[PDB]
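Backbone-built Cβ (ideal geometry, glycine too); neighbour counts: all protein chains shown. What is reported rests on the model, the rules as stated and the sources as named; these are not laboratory values.
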Amino acid sequence: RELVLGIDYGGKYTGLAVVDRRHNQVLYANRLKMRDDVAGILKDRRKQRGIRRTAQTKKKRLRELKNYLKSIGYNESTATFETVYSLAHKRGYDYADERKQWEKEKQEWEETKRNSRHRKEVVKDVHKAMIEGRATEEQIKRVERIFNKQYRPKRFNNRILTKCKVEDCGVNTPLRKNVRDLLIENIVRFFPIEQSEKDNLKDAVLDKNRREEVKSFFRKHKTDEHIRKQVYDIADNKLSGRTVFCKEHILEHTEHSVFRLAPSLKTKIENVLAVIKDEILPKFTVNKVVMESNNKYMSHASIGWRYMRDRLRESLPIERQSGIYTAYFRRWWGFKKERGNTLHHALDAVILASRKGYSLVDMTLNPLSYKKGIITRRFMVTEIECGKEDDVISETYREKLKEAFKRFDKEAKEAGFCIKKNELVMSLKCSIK
RNA sequence: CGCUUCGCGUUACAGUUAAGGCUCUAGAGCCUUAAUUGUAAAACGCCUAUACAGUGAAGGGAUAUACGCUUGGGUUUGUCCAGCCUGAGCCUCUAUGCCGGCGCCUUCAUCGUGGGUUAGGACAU
Ligand SMILES: [Zn+2]
């Protein structure tokens, strides 16, 4: 009995099916929803880790400055100590601190810039502080090595690590800005020009400030706009992330032959395997046809596909059907493909595990306050949500808040809630229920 | 998946200022709410003492070194991991921070007591 389990893996939903290949009977067919909340949770972890390690570095800098200043005779009371210890909590940026994310971060930088200073300002301020406090010059020079000190090393050059795709080498892929010579040529191999012209284009695009010859060639030669964009991405050194798999396999990857993967992808695959282990109990599948996508003559094995095959063998022929046959037998057996349809995923899993014939008669079936016994935490006017405006303890600003959220239904500056030193939004105490 | 500060915000304490009042007899005190200044905390825990930071000097720095490879250790638990930190030869793969000046290797004095991780993915319960 050829019980073949077919798994169609989308970016969000996943279809599972088990098709007895005699008479193309279907013994199991199901859909499953994958966890899409893991990347945001990891982003929350990254933000929390950055906050905690910034606080820890602040503690280390404060302890070091306190120890040094008490060593050179500047006790806590010293008017020369309090000024320097006050500027230690606010040392400022040392000029060392897709479009939506850029726009978003750009605003917070300006937000930080509108209410902070440059390292040089806090430093010239500790200068004037210790130049009238009789600190000679060496001691002021030694507190500049505490203000302008990095405690945890900033190591970001070789962190995002990707292995190769061809599966017989899992070596470290280089960054896109290191193997540009192997990158640009990967474009020009599929070009209808002479090899000498290929080398001339290599020399022109590969920096050397010779983009005018690149533009002249591109005006002269008929070349696609996406290839135009890729070449100009190579030439302008705007490349980000690692290269598309290792150097010896950039130019040759037409032959076939995984502990590292995205943890969101890993937990999606494990959820699918959790459902698979609920298929495994009552069905012994002798073969597995899997096509893992987003939504022969195929491309290389996907990292999620490879991890899925390895974990399926751990929990056996596990093949990957081409998209041509699956797409053909799909619409030809009725209906078409819909992105985000769970039924479509289930029926693609049914088709994937089915024994194909040829010429339609086979496929059957933040801390809080605890004063006076009542909880009252402070929330900014931006952080106060509608419906819960009555929890504000401040009766002086309660009417003002509700009126602004009704009369006016930037708005805070219009409503006059930017009353601070740097015109920041004020915060009100709200009674937590 | 990740490094890193700049902040913002929260809580706790100690002050100051501005309103809106309760009590004593124009004044005094404290009640709330805003703003402002200063300090501290932001996991608990686990693991470091053979570890970690500072100080000054000789040493290497594209035939150093490691964020790179192999194998461990901490986090690490009921169990396995991810990430981060790190030991040890490793240099095959990964690559270079800054304008000799950063990191690194020992070394006295190290009096020091400091350091890493920290609620995320699965199974069982
Ligand atoms: Zn390769």
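Of the residues making up the stretch A:210-235, those that are within 31 Å of the chain's Cα centre (by Cα) and either within 16 Å of the ligand (Cβ to nearest atom) or not in a loop (DSSP other than H, G, I, E, B) (or both) number 11. What single numbered condition from (1) in contact with a helix residue (DSSP H, G or I) (Cβ under 8 Å, 6 or more places away or on another chain); (2) assigned to a helix (DSSP H, G or I); (3) more than 22 Å from A:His344 (Cβ to Cβ) fails to hold for A:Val258? Condition not satisfied by A:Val258: (2). Summed over the stretch A:34-82, residues that are in contact with a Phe, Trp or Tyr (Cβ under 6 Å, 6 or more places away or on another chain) and charged (D, E, K, R) total 1.
For the stretch A:236-245, state whether one or more residues are among the β-branched types (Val, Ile, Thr) and more than 16 Å from the ligand (Cβ to nearest atom).
For the stretch A:236-245, residues among the β-branched types (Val, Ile, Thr) and more than 16 Å from the ligand (Cβ to nearest atom): absent.
Please indicate, with yes or no, whether at least one residue in the stretch A:143-163 is within 16 Å of the ligand (Cβ to nearest atom), part of a loop (DSSP other than H, G, I, E, B) and not basic (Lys, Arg). Looking for residues that are within 16 Å of the ligand (Cβ to nearest atom), part of a loop (DSSP other than H, G, I, E, B) and not basic (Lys, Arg), one finds at least one in the stretch A:143-163, hence yes. Considering the conditions (1) surrounded by 12 or more Cβ atoms within 10 Å (Cβ to Cβ); (2) among the polar types (S, T, N, Q); (3) more than 29 Å from the chain's Cα centre (by Cα), A:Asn67 is excluded by exactly one of them, (1). Count of the stretch A:174-186 residues, restricted to those that are in contact with a helix residue (DSSP H, G or I) (Cβ under 8 Å, 6 or more places away or on another chain) and within 15 Å of the ligand (Cβ to nearest atom), is 4.
Does A:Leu261 fit the bill of being under 30 Å from A:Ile41 (Cα atoms), of a type in the set (A, V, I, L, M) and within 16 Å of RNA strand B (Cβ to nearest atom)?
yes
Does at least one position in the stretch A:93-105 carry a residue that is in a strand (DSSP E or B) and small (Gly, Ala, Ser)? Looking through the stretch A:93-105, none of the residues is in a strand (DSSP E or B) and small (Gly, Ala, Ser). Whenever a residue of the stretch A:201-214 is within 16 Å of A:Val179 (Cβ to Cβ), its partners that are assigned to a helix (DSSP H, G or I) and acidic (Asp, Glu), lying with C-beta atoms within less than 8 angstrom and at least six residues away or across chains, give the pairs A:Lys202/A:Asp181; A:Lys202/A:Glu185; A:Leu206/A:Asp181. Being among the aliphatic types (A, V, I, L, M), in the same structural domain as A:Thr285 (by TED's automatic domain parsing) and either in contact with a strand residue (DSSP E or B) (Cβ under 8 Å, 6 or more places away or on another chain) or within 16 Å of the ligand (Cβ to nearest atom) (or both) is not true of A:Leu368.
Selection over the stretch A:299-338 of residues that are of a type in the set (D, E, K, R), over 19 Å from A:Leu16 (Cβ atoms) and outside any helix (DSSP H, G or I) gives a count of 1.
The C-beta contact set for the stretch A:317-340 (first residue under 16 Å from A:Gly357 (Cβ atoms), second residue among the acidic types (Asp, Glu), distance under 7 angstrom, 6+ apart or interchain) comprises A:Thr326/A:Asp348; A:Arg330/A:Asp348. Considering only residues in the stretch A:139-189 that are basic (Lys, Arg) and near RNA strand B (Cβ under 6 Å from one of its atoms), the one that is nearest to the chain's Cα centre (by Cα) turns out to be A:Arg159. Pull up the stretch A:27-64, narrow it to residues that are small (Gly, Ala, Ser) and under 30 Å from A:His345 (Cα atoms), then point me to the one that is farthest from RNA strand B (Cβ to nearest atom). Among those residues, the one meeting the criterion is A:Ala29.
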